[PDB]
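Trainee: So that you have it, the file is start-v1.pdb, and it contains PDB, C-alpha atoms:
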```
MODEL        1
ATOM      1  CA  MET M   1       0.000   0.000   0.000  1.00  0.00           C
ATOM      2  CA  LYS M   2       2.804   2.446   1.090  1.00  0.00           C
ATOM      3  CA  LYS M   3       6.489   2.134  -0.156  1.00  0.00           C
ATOM      4  CA  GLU M   4       9.115   0.744   2.317  1.00  0.00           C
ATOM      5  CA  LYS M   5      12.513   2.493   2.870  1.00  0.00           C
ATOM      6  CA  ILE M   6      15.393  -0.037   2.350  1.00  0.00           C
ATOM      7  CA  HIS M   7      19.188   0.630   2.618  1.00  0.00           C
ATOM      8  CA  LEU M   8      21.064  -1.863   0.330  1.00  0.00           C
ATOM      9  CA  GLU M   9      24.626  -2.713   1.529  1.00  0.00           C
ATOM     10  CA  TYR M  10      27.290  -3.766  -1.052  1.00  0.00           C
ATOM     11  CA  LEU M  11      30.829  -4.900   0.068  1.00  0.00           C
ATOM     12  CA  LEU M  12      33.422  -3.081  -2.161  1.00  0.00           C
ATOM     13  CA  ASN M  13      37.080  -4.259  -2.029  1.00  0.00           C
ATOM     14  CA  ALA M  14      39.987  -2.148  -0.553  1.00  0.00           C
ATOM     15  CA  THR M  15      41.305  -1.807  -4.196  1.00  0.00           C
ATOM     16  CA  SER M  16      38.252   0.424  -4.979  1.00  0.00           C
ATOM     17  CA  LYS M  17      38.193   4.021  -3.510  1.00  0.00           C
ATOM     18  CA  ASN M  18      35.322   6.545  -2.840  1.00  0.00           C
ATOM     19  CA  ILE M  19      35.560   7.901  -6.474  1.00  0.00           C
ATOM     20  CA  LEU M  20      33.165   5.002  -7.623  1.00  0.00           C
ATOM     21  CA  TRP M  21      29.883   6.759  -6.577  1.00  0.00           C
ATOM     22  CA  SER M  22      31.553  10.148  -5.714  1.00  0.00           C
ATOM     23  CA  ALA M  23      31.827  10.412  -9.591  1.00  0.00           C
ATOM     24  CA  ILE M  24      27.987  10.924  -9.942  1.00  0.00           C
ATOM     25  CA  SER M  25      28.314  14.493  -8.410  1.00  0.00           C
ATOM     26  CA  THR M  26      30.401  15.625 -11.475  1.00  0.00           C
ATOM     27  CA  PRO M  27      29.547  15.609 -15.303  1.00  0.00           C
ATOM     28  CA  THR M  28      32.743  13.761 -16.561  1.00  0.00           C
ATOM     29  CA  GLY M  29      32.475  11.360 -13.560  1.00  0.00           C
ATOM     30  CA  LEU M  30      28.790  10.450 -14.203  1.00  0.00           C
ATOM     31  CA  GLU M  31      28.771  10.203 -18.126  1.00  0.00           C
ATOM     32  CA  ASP M  32      31.841   7.866 -17.841  1.00  0.00           C
ATOM     33  CA  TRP M  33      29.380   5.038 -16.794  1.00  0.00           C
ATOM     34  CA  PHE M  34      25.853   6.702 -17.016  1.00  0.00           C
ATOM     35  CA  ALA M  35      23.899   7.622 -20.256  1.00  0.00           C
ATOM     36  CA  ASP M  36      25.477   8.876 -23.572  1.00  0.00           C
ATOM     37  CA  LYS M  37      26.318  12.419 -22.292  1.00  0.00           C
ATOM     38  CA  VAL M  38      25.919  14.454 -19.023  1.00  0.00           C
ATOM     39  CA  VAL M  39      26.074  18.305 -19.357  1.00  0.00           C
ATOM     40  CA  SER M  40      26.141  19.962 -15.863  1.00  0.00           C
ATOM     41  CA  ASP M  41      25.102  23.368 -14.449  1.00  0.00           C
ATOM     42  CA  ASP M  42      25.245  24.866 -10.873  1.00  0.00           C
ATOM     43  CA  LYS M  43      23.107  22.634  -8.447  1.00  0.00           C
ATOM     44  CA  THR M  44      21.423  20.944 -11.549  1.00  0.00           C
ATOM     45  CA  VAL M  45      22.578  17.927 -13.686  1.00  0.00           C
ATOM     46  CA  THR M  46      21.274  17.845 -17.351  1.00  0.00           C
ATOM     47  CA  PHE M  47      21.362  14.352 -18.991  1.00  0.00           C
ATOM     48  CA  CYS M  48      21.620  14.293 -22.852  1.00  0.00           C
ATOM     49  CA  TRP M  49      21.149  11.002 -24.843  1.00  0.00           C
ATOM     50  CA  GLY M  50      20.751  11.603 -28.665  1.00  0.00           C
ATOM     51  CA  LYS M  51      19.796  15.369 -28.644  1.00  0.00           C
ATOM     52  CA  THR M  52      16.063  14.274 -28.594  1.00  0.00           C
ATOM     53  CA  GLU M  53      14.662  14.271 -24.975  1.00  0.00           C
ATOM     54  CA  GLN M  54      17.085  15.674 -22.326  1.00  0.00           C
ATOM     55  CA  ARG M  55      16.335  15.549 -18.531  1.00  0.00           C
ATOM     56  CA  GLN M  56      17.371  17.612 -15.430  1.00  0.00           C
ATOM     57  CA  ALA M  57      17.767  16.606 -11.732  1.00  0.00           C
ATOM     58  CA  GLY M  58      18.616  18.892  -8.761  1.00  0.00           C
ATOM     59  CA  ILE M  59      20.827  17.811  -5.799  1.00  0.00           C
ATOM     60  CA  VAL M  60      19.061  17.805  -2.344  1.00  0.00           C
ATOM     61  CA  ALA M  61      22.139  17.287  -0.065  1.00  0.00           C
ATOM     62  CA  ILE M  62      25.808  16.073  -0.407  1.00  0.00           C
ATOM     63  CA  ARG M  63      29.136  15.952   1.567  1.00  0.00           C
ATOM     64  CA  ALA M  64      32.340  14.410  -0.034  1.00  0.00           C
ATOM     65  CA  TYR M  65      31.186  10.692  -0.164  1.00  0.00           C
ATOM     66  CA  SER M  66      29.415  10.304   3.283  1.00  0.00           C
ATOM     67  CA  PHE M  67      26.032  10.902   1.480  1.00  0.00           C
ATOM     68  CA  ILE M  68      24.705  12.256  -1.885  1.00  0.00           C
ATOM     69  CA  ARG M  69      21.046  12.919  -2.883  1.00  0.00           C
ATOM     70  CA  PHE M  70      19.475  13.299  -6.392  1.00  0.00           C
ATOM     71  CA  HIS M  71      15.856  14.358  -7.097  1.00  0.00           C
ATOM     72  CA  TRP M  72      14.197  15.381 -10.436  1.00  0.00           C
ATOM     73  CA  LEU M  73      13.053  18.937 -11.364  1.00  0.00           C
ATOM     74  CA  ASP M  74       9.873  17.287 -12.819  1.00  0.00           C
ATOM     75  CA  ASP M  75       9.396  15.008  -9.699  1.00  0.00           C
ATOM     76  CA  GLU M  76       9.666  17.944  -7.205  1.00  0.00           C
ATOM     77  CA  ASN M  77       8.092  15.912  -4.288  1.00  0.00           C
ATOM     78  CA  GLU M  78       6.679  12.321  -4.525  1.00  0.00           C
ATOM     79  CA  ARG M  79       8.748   9.012  -4.666  1.00  0.00           C
ATOM     80  CA  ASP M  80      11.798   9.569  -7.020  1.00  0.00           C
ATOM     81  CA  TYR M  81      14.277  10.069  -4.117  1.00  0.00           C
ATOM     82  CA  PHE M  82      17.469   7.929  -4.061  1.00  0.00           C
ATOM     83  CA  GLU M  83      20.700   8.609  -2.092  1.00  0.00           C
ATOM     84  CA  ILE M  84      24.139   6.907  -1.955  1.00  0.00           C
ATOM     85  CA  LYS M  85      26.543   6.648   1.042  1.00  0.00           C
ATOM     86  CA  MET M  86      30.010   5.043   1.271  1.00  0.00           C
ATOM     87  CA  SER M  87      32.295   4.756   4.352  1.00  0.00           C
ATOM     88  CA  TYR M  88      36.005   3.828   4.628  1.00  0.00           C
ATOM     89  CA  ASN M  89      36.582   1.037   7.213  1.00  0.00           C
ATOM     90  CA  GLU M  90      40.063   2.041   8.584  1.00  0.00           C
ATOM     91  CA  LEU M  91      40.164  -1.358  10.454  1.00  0.00           C
ATOM     92  CA  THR M  92      40.389  -3.420   7.158  1.00  0.00           C
ATOM     93  CA  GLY M  93      40.449  -0.975   4.149  1.00  0.00           C
ATOM     94  CA  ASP M  94      37.236  -2.111   2.347  1.00  0.00           C
ATOM     95  CA  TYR M  95      34.185   0.199   1.689  1.00  0.00           C
ATOM     96  CA  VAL M  96      30.638  -0.298   3.110  1.00  0.00           C
ATOM     97  CA  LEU M  97      28.309   1.035   0.328  1.00  0.00           C
ATOM     98  CA  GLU M  98      24.711   2.018   1.361  1.00  0.00           C
ATOM     99  CA  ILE M  99      21.986   2.992  -1.253  1.00  0.00           C
ATOM    100  CA  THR M 100      18.547   4.214   0.087  1.00  0.00           C
ATOM    101  CA  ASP M 101      15.664   3.022  -2.210  1.00  0.00           C
ATOM    102  CA  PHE M 102      11.795   2.908  -1.814  1.00  0.00           C
ATOM    103  CA  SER M 103       9.928  -0.336  -2.854  1.00  0.00           C
ATOM    104  CA  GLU M 104       6.513  -1.989  -2.181  1.00  0.00           C
ATOM    105  CA  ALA M 105       6.321  -5.605  -0.748  1.00  0.00           C
ATOM    106  CA  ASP M 106       5.924  -7.080  -4.317  1.00  0.00           C
ATOM    107  CA  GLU M 107       8.912  -4.955  -5.592  1.00  0.00           C
ATOM    108  CA  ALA M 108      11.061  -5.773  -2.482  1.00  0.00           C
ATOM    109  CA  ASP M 109      11.246  -9.396  -3.793  1.00  0.00           C
ATOM    110  CA  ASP M 110      13.057  -7.996  -6.929  1.00  0.00           C
ATOM    111  CA  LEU M 111      15.321  -5.758  -4.730  1.00  0.00           C
ATOM    112  CA  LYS M 112      16.213  -8.792  -2.486  1.00  0.00           C
ATOM    113  CA  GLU M 113      17.046 -10.800  -5.678  1.00  0.00           C
ATOM    114  CA  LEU M 114      19.310  -7.787  -6.584  1.00  0.00           C
ATOM    115  CA  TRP M 115      20.652  -7.850  -2.942  1.00  0.00           C
ATOM    116  CA  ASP M 116      21.731 -11.569  -3.025  1.00  0.00           C
ATOM    117  CA  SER M 117      22.803 -11.324  -6.745  1.00  0.00           C
ATOM    118  CA  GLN M 118      25.190  -8.392  -5.952  1.00  0.00           C
ATOM    119  CA  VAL M 119      26.508  -9.203  -2.379  1.00  0.00           C
ATOM    120  CA  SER M 120      27.408 -12.875  -3.261  1.00  0.00           C
ATOM    121  CA  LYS M 121      28.788 -11.912  -6.746  1.00  0.00           C
ATOM    122  CA  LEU M 122      31.138  -9.069  -5.506  1.00  0.00           C
ATOM    123  CA  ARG M 123      32.909 -11.816  -3.453  1.00  0.00           C
ATOM    124  CA  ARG M 124      33.366 -14.453  -6.284  1.00  0.00           C
ATOM    125  CA  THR M 125      34.409 -11.723  -8.866  1.00  0.00           C
ATOM    126  CA  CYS M 126      36.517 -10.002  -6.107  1.00  0.00           C
ATOM    127  CA  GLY M 127      35.596  -6.319  -6.789  1.00  0.00           C
ATOM    128  CA  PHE M 128      32.588  -5.441  -9.047  1.00  0.00           C
ATOM    129  CA  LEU M 129      30.035  -7.042 -11.495  1.00  0.00           C
ATOM    130  CA  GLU M 130      26.805  -4.985 -11.972  1.00  0.00           C
ATOM    131  CA  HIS M 131      23.332  -6.769 -12.216  1.00  0.00           C
ATOM    132  CA  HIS M 132      20.988  -4.141 -10.573  1.00  0.00           C
ATOM    133  CA  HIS M 133      19.663  -3.538 -14.158  1.00  0.00           C
ATOM    134  CA  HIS M 134      17.841  -0.344 -15.316  1.00  0.00           C
ATOM    135  CA  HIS M 135      14.190  -0.424 -14.050  1.00  0.00           C
ATOM    136  CA  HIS M 136      12.524   3.022 -13.339  1.00  0.00           C
TER     137      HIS M 136
ENDMDL
END
```
The structure given in the file should be rewritten as structure tokens.
Mentor:
Amino acid sequence: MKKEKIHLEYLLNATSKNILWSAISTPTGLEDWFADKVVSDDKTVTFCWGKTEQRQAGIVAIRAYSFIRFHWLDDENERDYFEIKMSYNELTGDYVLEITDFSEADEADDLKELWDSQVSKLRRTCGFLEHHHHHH
């Protein structure tokens, strides 16, 4: 009936730094692994695919890599809110990666398939292998 808030934890190896998801705050960082092209402006990110249909999303809050929040200019206040944290474990070297998503009970089954698919796979690949495929 009402969406559930879920923080999804991914274990990233000590080889990988903060720059992974800290890249999404900058144009050249984001378009390196997101969309065809990303043209930025002050406090607004403009995504450009094939010159037909280009989108904009404003930042809510951010600090280095401890947390970063994106939210659309079209979706000003409803359900399109996602944020990404990462923290450096000084006791081992590896990163704890925490993404805040909203999903219904029926959709949480998909997100838990994405949970087990990623957390088990990062171990056997030793680093990264992305399978949280583009839905919404």
Trainee: Calculated over all atoms listed in the file, which of the candidates M:63, M:112, M:124, M:134 has the smallest distance to residue 85 in chain M?
Mentor: M:63
Trainee: Determine the residue set returned by the PyMOL selection byres ((chain M and resi 50-59) around 12) for the present structure, and present it as a PyMOL selection string.
Mentor: chain M and resi 24-26+35-49+60-63+67-77+80-83
Trainee: How far is it from CA of residue 17 in chain M to CA of residue 121 in chain M, in Å with one decimal?
Mentor: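 For CA of residue 17 in chain M relative to CA of residue 121 in chain M, the distance reads 18.8 Å.
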Trainee: Excluding same-chain residues fewer than 3 positions from range 104-111 of chain M, what lies within 10 Å of it counting only C-alpha atoms, as a list in words?
Mentor: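 Non-adjacent residues within range: residues 1, 2, 3, 4, 5, 6, 8, 101, 114, 115, 116, 117 and 132 of chain M.
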Trainee: Would you export the selected residues with C-alpha atoms as an mmCIF file, in the coordinates of the input, please?
Mentor:
```cif
data_model
loop_
_atom_site.group_PDB
_atom_site.id
_atom_site.type_symbol
_atom_site.label_atom_id
_atom_site.label_comp_id
_atom_site.auth_asym_id
_atom_site.auth_seq_id
_atom_site.Cartn_x
_atom_site.Cartn_y
_atom_site.Cartn_z
ATOM 1 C CA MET M 1 0.000 0.000 0.000
ATOM 2 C CA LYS M 2 2.804 2.446 1.090
ATOM 3 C CA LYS M 3 6.489 2.134 -0.156
ATOM 4 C CA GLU M 4 9.115 0.744 2.317
ATOM 5 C CA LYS M 5 12.513 2.493 2.870
ATOM 6 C CA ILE M 6 15.393 -0.037 2.350
ATOM 7 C CA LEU M 8 21.064 -1.863 0.330
ATOM 8 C CA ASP M 101 15.664 3.022 -2.210
ATOM 9 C CA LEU M 114 19.310 -7.787 -6.584
ATOM 10 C CA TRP M 115 20.652 -7.850 -2.942
ATOM 11 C CA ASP M 116 21.731 -11.569 -3.025
ATOM 12 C CA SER M 117 22.803 -11.324 -6.745
ATOM 13 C CA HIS M 132 20.988 -4.141 -10.573
#
```
Trainee: Would you mind telling me which residue in M:32, M:20, M:113, M:119 lies nearest to residue 133 in chain M when using only C-alpha atoms?
Mentor: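 Of all the options, M:113 lies closest to residue 133 in chain M.
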Trainee: I'd like to know which of M:97, M:131, M:126, M:88 is closest to residue 7 in chain M, using only C-alpha atoms.
Mentor: M:97
Trainee: For a test of reading the model, state the distance in Å between CA of residue 15 in chain M and CA of residue 27 in chain M, rounded to one decimal.
Mentor: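 According to the coordinates, CA of residue 15 in chain M and CA of residue 27 in chain M are separated by 23.8 Å.
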